[PDB]
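Chains as they are written, first to last, in PDB author numbering: chain H, 1 to 164; chain G, 1 to 164; chain E, 1 to 164; chain F, 1 to 164; chain C, 1 to 164; chain D, 1 to 164.
The beta-carbon is built from N, C-alpha and C at its ideal position, and this holds for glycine as well.
Everything on this sheet refers to the single structure shown next.
Number of protein chains: 6
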Amino acid sequence: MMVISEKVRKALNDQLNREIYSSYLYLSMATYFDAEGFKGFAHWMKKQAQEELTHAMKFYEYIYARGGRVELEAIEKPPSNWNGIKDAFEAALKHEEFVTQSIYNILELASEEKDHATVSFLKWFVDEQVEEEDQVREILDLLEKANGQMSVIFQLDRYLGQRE
Amino acid sequence: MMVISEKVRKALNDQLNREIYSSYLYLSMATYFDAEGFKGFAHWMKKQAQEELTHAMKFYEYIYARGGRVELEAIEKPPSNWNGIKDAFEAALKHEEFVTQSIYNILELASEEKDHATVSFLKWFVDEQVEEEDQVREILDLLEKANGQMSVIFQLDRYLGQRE
Amino acid sequence: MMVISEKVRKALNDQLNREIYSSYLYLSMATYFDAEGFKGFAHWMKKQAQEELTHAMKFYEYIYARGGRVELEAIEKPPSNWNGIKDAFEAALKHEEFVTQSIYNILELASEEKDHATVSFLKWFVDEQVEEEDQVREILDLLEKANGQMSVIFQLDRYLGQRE
Amino acid sequence: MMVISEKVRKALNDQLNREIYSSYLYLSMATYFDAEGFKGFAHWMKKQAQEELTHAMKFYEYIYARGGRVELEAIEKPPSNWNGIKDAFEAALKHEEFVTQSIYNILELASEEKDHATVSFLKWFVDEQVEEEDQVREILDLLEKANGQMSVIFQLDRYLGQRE
Amino acid sequence: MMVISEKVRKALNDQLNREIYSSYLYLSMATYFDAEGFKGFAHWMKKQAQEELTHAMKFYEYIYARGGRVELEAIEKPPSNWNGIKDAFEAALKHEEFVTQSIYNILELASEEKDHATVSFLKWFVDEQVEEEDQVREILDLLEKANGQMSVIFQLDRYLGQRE
Amino acid sequence: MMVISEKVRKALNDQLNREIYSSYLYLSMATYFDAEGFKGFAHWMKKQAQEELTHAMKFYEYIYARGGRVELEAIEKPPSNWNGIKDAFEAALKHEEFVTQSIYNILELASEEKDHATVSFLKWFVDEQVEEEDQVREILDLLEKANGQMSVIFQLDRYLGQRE
Ligand SMILES: CCCCCCCCCCCCCCCCCCCC
Ligand SMILES: CCCCCCCCCCCCCCCCCCCC
Ligand SMILES: CCCCCCCCCCCCCCCCCCCC
Ligand SMILES: [Fe+3]
Ligand SMILES: [Fe+3]
Ligand SMILES: [Fe+3]
Ligand SMILES: [Fe+3]
Ligand SMILES: [Fe+3]
Ligand SMILES: [Fe+3]
């Protein structure tokens with residue numbers, strides 16, 4: 001039987017679906033970059049999309065480990081175009097900060113319910129979000145320095161296209 | 001410039017989104033098998049979901065190679081429950097036969113337009129569909145022979161849980 | 001259930017039986033070459049007979065993959081006497097060209113029915129028949145040049161006897 | 001020149017053709033097992049068909065070694081269906097016992113003619129027939145013990161499917 | 001004797017000669033890049049010329065495999081001057097798209113004649129042309145982004161000069 | 001700036017174009033040998049065609065090293081048929097002797113102009129032409145000894161077909 005509350009189960013399932021959307025949004029940013037011919041930025045976003053799916057499956061396996069079940073929900077259509085390289089990465093940063101706040105909300109729900117197992121499980125994501133946000137902020141700072149000069153933006157398309 | 005027609009680009013983009021849905025459907029079947037305690041069947045379905053993502057990305061890269069762009073659409077909520085193991089695999093077979101017909105329709109459209117590049121590209125998917133349909137039919141035949149015997153269902157769950 | 005039509009299943013089953021006969025014909029050619037004391041030509045024909053069985057089994061496995069069944073039919077007695085070495089290889093070429101036309105007829109039937117899976121499956125055989133015909137044409141050209149000279153025919157016997 | 005009698009040559013050639021039919025019969029049993037969805041039993045029968053061809057070719061090479069020639073005859077249509085797994089293997093046992101008696105008849109004929117070379121050649125087949133018959137009896141014993149339990153028949157299908 | 005029609009043989013021979021011209025055109029592009037001091041772009045074009053010769057020899061061997069013969073025709077003088085790097089690669093792209101259409105025309109002729117062997121042979125070039133066009137489009141996108149900045153064009157010259 | 005005279009540059013460019021024609025001529029001889037069924041002689045001629053391209057590219061790189069430019073000219077249609085194997089190799093010998101005299105004419109022009117760099121560059125070709133002529137003379141001597149004797153011509157075809 002399920003040892004998380006239905007309310008914590010719902011919060012975790014909601015977050016799983018949010019991570020699925022995150023993966024889909026980053027794939028959409030990849031489609032935009034590929035349409036604009038930045039094959040390295042697109043590669044970076046495809047890798048990010050794969051990473052978000054691993055987040056979703058961590059939520060999946062935790063839900064089942066606590067006796068719950070996962071219900072997949074409809075996936076909203078992501079935006080398909082951005083008003084520039086900066087516009088896309090600013091959207092990514094805004095999205096990741098929203099994901100961080102969502103995880104925070106689950107953590108406090110679990111803590112109020114004295115569900116220490118879920119509180120502890122979420123630590124990994126708190127720490128991971130620190131890094132996700134930082135990587136996007138670093139990219140945005142580089143884009144600010146480039147100031148639209150393609151001499152430099154070529155170098156950064158090439159470097160992010162190196163992501164493993 | 002785009003060297004596929006807009007109608008062929010649309011058909012290919014539609015199929016990419018269909019493959020994304022397929023992946024999500026197989027993930028949902030995994031949520032069902034895991035809820036029912038069949039971790040080997042669930043494992044098989046997670047592997048199948050990943051395979052469907054590789055199909056989607058094959059369409060993605062071909063579309064860009066012909067000068068088109070991809071637009072991701074909303075993904076419909078899949079079913080979450082089946083009336084038993086057979087019911088789920090029968091749903092999988094019906095879905096794969098629908099995917100095959102979808103591929104056939106693109107092939108016939110591209111052939112009507114004398115788009116030999118797209119006709120040739122689609123051959124890989126025709127052959128792959130033969131294999132996917134056959135593997136599900138094989139599982140259904142084994143389940144029919146098992147006739148609900150848990151000894152045999154345990155053995156098959158093991159076997160499918162070994163999928164690489 | 002069977003997802004090829006009965007007319008296509010019958011065409012494929014007919015061709016499987018045709019490939020069995022091909023194997024048997026080449027074994028009969030081996031009996032002739034061995035009776036004439038050309039063990040290298042006989043070796044080549046025994047290898048060709050084994051190759052034809054691999055063709056039959058490719059049809060076999062495709063038929064089952066599409067939900068059909070194979071029915072083996074009577075095997076006609078092959079000829080056992082030829083006028084000479086070149087006449088045997090000329091008969092081989094005529095047989096392979098007949099096999100190619102038989103395959104073409106299946107492809108055109110499948111295409112009429114929009115059975116794209118079977119059309120795609122048969123491509124391997126179209127390409128292979130090009131090679132089968134060409135290898136016999138090459139041997140026939142060498143035998144025409146030899147012009148019955150037993151010195152040269154012995155060299156060709158030793159060379160064909162090296163077939164792997 | 002031929003140093004076997006024509007009667008012994010005919011007996012050996014008749015047996016070569018019997019071995020060709022044996023191979024074809026076992027391939028037909030494979031068509032039945034594959035239609036019934038027992039891919040391991042079918043695999044065993046495909047291996048047996050290849051073994052029977054090695055028997056035919058041992059007769060072939062001996063006939064030529066004694067200065068005779070081989071004449072291939074029409075091959076009769078084998079049965080395509082059996083009333084079940086045990087029915088098919090009972091047919092296989094009856095066939096192999098008929099093959100053994102046929103070999104015995106050649107041996108007795110050659111002995112009457114004081115053709116010691118052929119009597120000695122046939123000892124390999126006498127000994128091999130002991131093993132062929134015994135392997136079928138062992139499978140029939142296993143099927144008798146299984147008594148139609150699919151739990152056990154799955155085991156036997158996988159075990160026979162491991163045949164090298 | 002020839003098993004392609006004279007019309008299909010002439011279409012294939014015409015294409016072989018077109019592939020020879022393609023090779024010569026790319027060598028001429030190398031003469032331009034070397035005159036402009038871009039040794040890496042020139043290296044890329046020398047490698048491309050060699051690849052075009054392999055295309056010509058594939059047509060050569062297929063014509064002979066179907067019993068035809070090759071007749072080499074005069075090769076027209078290629079252009080030797082372009083208005084810049086991007087202009088040369090735009091010419092390469094236009095040339096490759098013309099080559100693709102030429103191949104399509106042969107494919108449609110062969111299909112009209114039910115020459116399934118030749119249609120199938122041409123599939124390889126259909127797929128290869130997809131790749132050739134895409135590789136030139138990728139180079140054109142890089143040159144577009146470079147926007148005449150010699151900093152980037154030096155790097156691109158080195159990179160293309162590494163072609164194996 | 002160009003440090004060869006225009007007259008020497010034109011002589012070298014003319015010779016580069018002559019070497020291209022040489023390559024094409026030897027490919028045409030290959031088309032003849034393949035039409036006649038002598039795949040070893042054809043192989044030898046294909047290897048010779050590639051060797052002539054290496055000659056052309058040695059002229060190419062020297063022209064650029066001295067500040068000149070290469071202009072590729074139209075290639076004349078080579079003969080496609082010869083009155084036999086010996087006729088083809090006699091034509092090859094006559095061609096190579098013509099090439100040697102052409103190189104000599106460049107050397108004498110450069111010496112008149114005291115262009116010691118070009119005189120020295122051409123020594124490699126003087127020495128190479130000695131070998132080019134000698135290998136064809138050797139083949140012609142073998143063919144004279146063979147005297148149309150097909151037994152011997154087979155041996156010569158296989159030997160020339162081993163060319164690396
Ligand atoms: C290389 C880009 C990968 C594609 C990312 C797609 C993002 C949206 C996909 C929707 C979800 C589909 C189901 C995926 C389940 C994966 C489960 C296996 C373990 C990761
Ligand atoms: C040493 C060379 C051996 C050549 C043997 C070729 C025999 C050809 C006879 C064909 C007709 C009988 C076919 C029987 C079925 C064989 C199935 C084998 C694959 C499983
Ligand atoms: C770096 C080398 C570049 C050389 C390109 C030359 C293209 C000129 C075309 C002329 C054709 C001559 C015949 C060549 C036949 C070669 C056949 C064998 C090799 C595939
Ligand atoms: Fe995430
Ligand atoms: Fe798929
Ligand atoms: Fe065949
Ligand atoms: Fe036997
Ligand atoms: Fe090409
Ligand atoms: Fe030369």
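Under 8 Å by beta carbon: chain F residues contacting residue i
i      : result
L93/E  : Chain F residues near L93/E: none, gap ~20 Å exceeds 8 Å.
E164/E : Within chain F, no residue comes near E164/E; the closest Cβ sits about 18 Å away, beyond 8 Å.
Three-state secondary structure (DSSP) of residue i
i             : result
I75/F         : strand
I4/H          : coil
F41/H         : helix
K58/E         : helix
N83/F         : coil
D157/F        : helix
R9/E          : helix
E97/G         : helix
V152/C        : helix
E113/F        : coil
residue 172/G : Lying before the first or after the last residue shown, residue 172/G is absent from chain G, which here runs from 1 to 164.
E108/G        : helix
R66/H         : coil
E36/H         : coil
Neighbour-count burial assignment, residue i, 16 or more Cβ in a 10 Å radius
i      : result
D115/E : buried
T118/D : buried
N83/C  : exposed
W44/H  : buried
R9/E   : buried
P79/C  : exposed
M2/F   : exposed
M150/C : exposed
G68/D  : buried
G40/G  : buried
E131/E : exposed
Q48/F  : buried
Amino acids of chain H, ordered along the chain, whose beta-carbon sits closer than 7 Å to that of residue i
i      : result
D141/C : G37
Residue range of the unbroken alpha helix (DSSP H) whose run includes residue i
i      : result
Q129/C : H116 to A146
Partner residues on chain G for residue i, Cβ-Cβ distance less than 8 Å
i     : result
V70/C : Neighbours of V70/C on chain G: none; closest Cβ ~24 Å, over 8 Å.
Chain E residues whose Cβ lies nearer than 9 Å to that of residue i
i     : result
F59/D : The premise fails here: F59/D is roughly 38 Å from chain E at the closest Cβ pair, so nothing lies under 9 Å.
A74/C : Residues of chain E passing the Cβ test: none, with the nearest at roughly 30 Å.
Chain E residues whose Cβ lies nearer than 7 Å to that of residue i
i      : result
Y62/F  : The premise fails here: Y62/F is roughly 12 Å from chain E at the closest Cβ pair, so nothing lies under 7 Å.
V126/G : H116, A117 and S120
Contacts that residue i makes with chain G (C-beta to C-beta distance below 7 Å)
i     : result
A65/E : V130 and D134
Chain-ordered chain C contacts of residue i [CB-CB under 7 Å]
i      : result
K123/E : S120
Contacting positions in the region 77-111 of chain G - beta carbon closer than 9 Å to chain E: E97, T100, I103, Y104, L107 and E108
To be precise: take each residue of the region 24-54 of chain G, compare its Cβ to all Cβ atoms of chain H, and keep it if any distance is under 7 Å. Which residues remain? Against chain H - using a Cβ distance shorter than 7 Å - the residues of the region 24-54 of chain G are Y24, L27, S28, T31, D34 and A35.
Mind listing which residues of the region 143-158 of chain H have their C-beta closer than 7 Å to chain C's C-betas, in chain order? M150, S151 and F154
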